[PDB]
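One line per chain: the protein sequences are D, A, F, B and E, in this order. Offset between the first sequence (1-based) and the authors' numbering: plus 193. Going by the authors' numbering, 198 is the number at position 199 of the second sequence; the sequence numbering is gapless. Offset between the third sequence (1-based) and the authors' numbering: plus 202. According to the authors' numbering, the stretch in the fourth sequence is residues 1 to 44, 57 to 140, 150 to 273, in order. Going by the authors' numbering, 3 is the number at position 4 of the fifth sequence; the sequence numbering is gapless. Scroll down for the structure; my scribbles are underneath it.
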Amino acid sequence: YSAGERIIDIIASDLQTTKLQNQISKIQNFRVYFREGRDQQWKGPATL
Amino acid sequence: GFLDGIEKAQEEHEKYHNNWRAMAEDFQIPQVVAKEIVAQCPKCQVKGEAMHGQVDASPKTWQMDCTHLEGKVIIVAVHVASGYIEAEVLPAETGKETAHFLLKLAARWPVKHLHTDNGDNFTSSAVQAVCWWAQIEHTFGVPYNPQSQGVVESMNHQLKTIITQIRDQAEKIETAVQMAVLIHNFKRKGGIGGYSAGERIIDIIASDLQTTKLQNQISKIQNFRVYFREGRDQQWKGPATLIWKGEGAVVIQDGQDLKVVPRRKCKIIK
Amino acid sequence: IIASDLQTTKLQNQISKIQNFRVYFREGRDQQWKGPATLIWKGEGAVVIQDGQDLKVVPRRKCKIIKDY
Amino acid sequence: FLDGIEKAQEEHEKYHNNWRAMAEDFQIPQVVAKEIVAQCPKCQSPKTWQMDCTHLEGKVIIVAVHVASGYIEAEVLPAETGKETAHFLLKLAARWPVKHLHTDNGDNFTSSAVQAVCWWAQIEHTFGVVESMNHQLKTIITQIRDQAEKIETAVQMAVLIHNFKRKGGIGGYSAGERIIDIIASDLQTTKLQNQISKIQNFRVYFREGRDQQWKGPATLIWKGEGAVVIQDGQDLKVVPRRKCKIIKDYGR
Amino acid sequence: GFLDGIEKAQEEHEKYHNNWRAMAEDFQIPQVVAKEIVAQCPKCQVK
DNA sequence: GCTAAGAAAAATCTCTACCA
DNA sequence: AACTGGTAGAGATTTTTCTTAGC
DNA sequence: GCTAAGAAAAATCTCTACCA
DNA sequence: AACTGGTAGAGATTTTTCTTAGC
Ligand SMILES: O=C(NCc1c(F)cc(F)cc1F)c1cn2c(c(O)c1=O)C(=O)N1[C@H]3CC[C@H](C3)O[C@@H]1C2
Ligand SMILES: [Cl-]
Ligand SMILES: [Mg+2]
Ligand SMILES: [Mg+2]
Ligand SMILES: [Zn+2]
Ligand SMILES: [Zn+2]
Ligand SMILES: [Zn+2]
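If you want it as structure tokens, here you go:
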């Protein structure tokens, strides 16, 4: 590989690590209203 | 004993059609035998099992119906997960106008699944051609069962009450229909999030897109394969993708199926 | 020869007691109760039944399923 | 907490960040970050539409465009009077939140029917994007013309291809994804502003360390389970709940 | 239905004097009616 | 200065008619 | 073999919030 | 001889359609 | 100022009864 391919690969890998730790919390900040068996009311806000 | 009582109970039910408590008390037979005597009769068995089902409420499902008001034909479509309404007045109840209404709806919003009854305008070649071109899956209800399309008939009721509330502010019926659609979509609040129907459809579609992009970025940098032991026989199943590890159980994906397995029956491999 | 006959009768006994149900259902515009039929599939909310070599979908609120003891 | 608030104030003093970025990075609540942006002197549209009429094959096509995203709603009118224009405007206002309308000085746009619809639906009308969108839509209409029989079918098929099949711009999105993202961001801002005003109708008397006298009336910003963020003397600071007394303020 | 099984189990016990668990498993009738078929026979005794 | 009684105001729960 | 009742308002009961009397 | 597991059988609870 | 929904059956869940293996 040349120099530009190496610098792009290295900084992209570092970004992927740190943003992984932030992105999991971002996906767990949503709220789900679900329905169980043979009860017709929507249950409260569980976490996705 | 009661064996002659069983024969007498069969003759008595053949004449009078007793229920099981009458036969079990008059002939002194046990209740399992009397329940069998009633259950082997065809003139009885006229009663259902007393439950209700639940309809499909995916974030791209729409239901549709036609209603009548003052000699006109209104056609109503509802987004099921939010309660969002589109409605129009048709010159006739043919299949050409229903196909044009469905094409305008698909040009405005993302439609992937349509649910209707078995009316003549919905079981039509024009509607079938539009669904083929726009890639919509059309499903029909069980015939003469309006509970299959419960959301759009509930919205027929709500639309008619708003139209009688604001009727003396318009001249024609078509103006009153569009004013009722505006009042329902933006001026009435309460429900899941304290929202109106317009705020709820914006929240549902935006959260759908954002959560797919987030878990694409999460899953493209994963590791940690998981070997787990489940089944009626204590076997070993193949390569599973670890998704989340919690204090008590783990979440694995195997064959695009999500499973929650406790921590004793699994091992994580880097 | 005799042992294979015993094992075959045992497996056929289990298969005969799995899914031999009768269904009395209610359908049509004038919803009358119609005769017995054979249960094919049972989901939550609706069933698929075979009646007179015709397939029908009935909701579970308009049908009664009779088992065997 | 207070370390995060001081770091966010220093970072905003250098680079003037926005409140969503500061709330995500320095791990503080969103009302505190919005207050940090609101105290800066150097830091102080999702509902505007444009309408136009055009001609094609002897028919009148009326096009409305959402300006911040490029989203299109079109129709085929039987004539070019003001009653059909008023009915098209009433349908658009029934389906989307419309607050500001921009048109040219045509005849049917300057009419009593359009004026009555704008009065009832509370729209601000201004007389003077749509031409570029008309040209792009007409290239699509001549591209997919032989798949349909009438002109209304071809118009609605071109609206679907424009809204959901052509992708571009910065991130590579269609117009429908951009309009839903824009309106959702505005909805988030208005809900947070309602919470901010409801919280800021209070007032706080606090007791500083190694003093037995209560201090001045500081305005409440955030109230937690064990911490309280107050504004006093153009300064933000964090006082625990055991040295605070929160009272209603009537200072309208 | 097991009422025809009740009639066939009565004929079978009149011939061979089966026990009640055997008749209940072979003819698919409940256990109360099988014990009653044994109990009405003068030569037999349910045990 | 601190607590608590008492009332106002908001939140949650159960149940009904209507949709050809 | 691959389908299905739901929505919104009227009271009733319980919980949270706000002011003031008393030690 | 006495206990208890396990299954059969009976009793109680919730919910549905129909009555112009 | 003096009126008004109810009945009966289908499953589901819980409790009582009966036989037999084991110490
Ligand atoms: O009885 C209806 N509603 C009332 C009602 C409800 F809404 C929901 C309930 F849980 C209970 C209800 F009693 C009703 C009936 N039909 C049709 C409707 O749309 C409809 O709403 C319809 O379109 N068709 C077409 C398809 C074949 C032909 C024309 O007969 C049917 C009849
Ligand atoms: Cl139907
Ligand atoms: Mg219909
Ligand atoms: Mg209907
Ligand atoms: Zn009978
Ligand atoms: Zn600034
Ligand atoms: Zn005998």
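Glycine is no exception: its CB is placed at the ideal position from the N, C-alpha and C atoms.
What number of angstroms, rounded off, separates the C-alpha of residue i from the C-alpha of residue j?
{"i": "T240 of chain B", "j": "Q27 of chain B", "result": "22 Å"}
{"i": "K269 of chain B", "j": "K219 of chain B", "result": "11 Å"}
{"i": "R107 of chain A", "j": "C265 of chain B", "result": "54 Å"}
{"i": "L104 of chain B", "j": "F223 of chain B", "result": "41 Å"}
{"i": "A248 of chain B", "j": "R263 of chain B", "result": "9 Å"}
{"i": "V151 of chain A", "j": "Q134 of chain B", "result": "29 Å"}
{"i": "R20 of chain A", "j": "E6 of chain A", "result": "16 Å"}
{"i": "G140 of chain B", "j": "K59 of chain B", "result": "18 Å"}
{"i": "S153 of chain B", "j": "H67 of chain B", "result": "15 Å"}
{"i": "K212 of chain F", "j": "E24 of chain E", "result": "12 Å"}
{"i": "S81 of chain B", "j": "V110 of chain A", "result": "20 Å"}
{"i": "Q30 of chain E", "j": "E229 of chain A", "result": "38 Å"}
{"i": "residue 48 of chain E", "j": "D119 of chain A", "result": "Residue numbering for chain E in the displayed model covers 0 to 46; residue 48 of chain E lies beyond these limits and cannot be assessed."}
{"i": "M22 of chain B", "j": "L102 of chain B", "result": "41 Å"}
{"i": "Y194 of chain B", "j": "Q177 of chain B", "result": "21 Å"}
{"i": "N155 of chain B", "j": "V75 of chain B", "result": "8 Å"}
{"i": "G190 of chain A", "j": "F227 of chain A", "result": "42 Å"}
{"i": "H78 of chain A", "j": "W235 of chain A", "result": "44 Å"}
{"i": "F185 of chain A", "j": "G149 of chain A", "result": "22 Å"}
{"i": "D232 of chain A", "j": "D256 of chain A", "result": "20 Å"}
Would you identify the three-state DSSP class for residue i, choosing helix, strand or coil?
{"i": "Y15 of chain B", "result": "helix"}
{"i": "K219 of chain D", "result": "helix"}
{"i": "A239 of chain B", "result": "strand"}
{"i": "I165 of chain A", "result": "coil"}
{"i": "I251 of chain A", "result": "strand"}
{"i": "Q27 of chain A", "result": "coil"}
{"i": "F100 of chain B", "result": "helix"}
{"i": "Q234 of chain F", "result": "strand"}
{"i": "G118 of chain B", "result": "coil"}
{"i": "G189 of chain B", "result": "strand"}
Could you give the residue range of the alpha helix (DSSP H) that holds residue i?
{"i": "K42 of chain B", "result": "Here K42 of chain B belongs to no alpha helix (DSSP H), and DSSP marks it neither H nor E."}
{"i": "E246 of chain A", "result": "Segment: none, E246 of chain A is in no alpha helix (DSSP H) and carries neither H nor E."}
{"i": "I268 of chain F", "result": "Run containing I268 of chain F: none in the alpha helix (DSSP H); it sits in the beta strand (DSSP E), 265-268."}
{"i": "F139 of chain A", "result": "It is not in any alpha helix (DSSP H) - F139 of chain A instead sits in the beta strand (DSSP E) that spans 136-139."}
{"i": "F185 of chain A", "result": "172-185"}
{"i": "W132 of chain B", "result": "124-133"}
Following the continuous beta strand (DSSP E) through residue i, name the residue where it begins and the one where it ends.
{"i": "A76 of chain B", "result": "71-78"}
{"i": "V88 of chain A", "result": "83-89"}
{"i": "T93 of chain A", "result": "Segment: none, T93 of chain A is in no beta strand (DSSP E) and carries neither H nor E."}
{"i": "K258 of chain F", "result": "257-261"}
{"i": "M63 of chain A", "result": "60-68"}
{"i": "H51 of chain A", "result": "From DSSP, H51 of chain A is part of no beta strand (DSSP E); its letter is neither H nor E."}
{"i": "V225 of chain F", "result": "224-229"}
Selection of the region 233-253 of chain A by Cβ proximity to chain D, strictly under 7 Å:
Listed by position along the chain: nothing, the set is empty.
Pull every residue with its beta-carbon under 5 Å away from any heavy atom of ligand 5, and keep them in chain order.
So the residues near ligand 5 by this Cβ test are A:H16, A:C40, A:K42, A:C43.
Within 7 Å of ligand 3: residues by beta-carbon to any heavy atom
Those satisfying the condition are, in chain order, A:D64, A:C65, A:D116, A:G118.
For the region 77-94 of chain B, which residues have a CB atom closer than 8 Å to at least one CB atom of chain A, in sequence order?
Cβ contacts with chain A come from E85.
Looking at chain F, which residues of the region 0-22 of chain E have a Cβ within less than 9 Å of any of its Cβ atoms?
So the close ones are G0, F1.
Under 7 Å (Cβ pairs) to chain E, residues found in the region 27-40 of chain A
Within the region 27-40 of chain A, the qualifying residues are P29, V31, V32, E35, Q39.
Chain A contacts from the region 175-209 of chain B (Cβ-Cβ distance under 8 Å)
Flagged, chain order: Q177, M178, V180, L181, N184, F185, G197, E198, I201, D202, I204, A205, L208.
Taking beta-carbon pairs under 8 Å, can you tell me which members of the region 114-139 of chain A lie near chain F?
Answer set for the region 114-139 of chain A: empty.
Residues from the region 44-57 of chain A in contact with chain F, defined by Cβ distance under 8 Å:
If the cut-off is 8 Å between Cβ atoms, the region 44-57 of chain A has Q44, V45, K46, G47, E48, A49, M50, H51, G52, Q53 near chain F.
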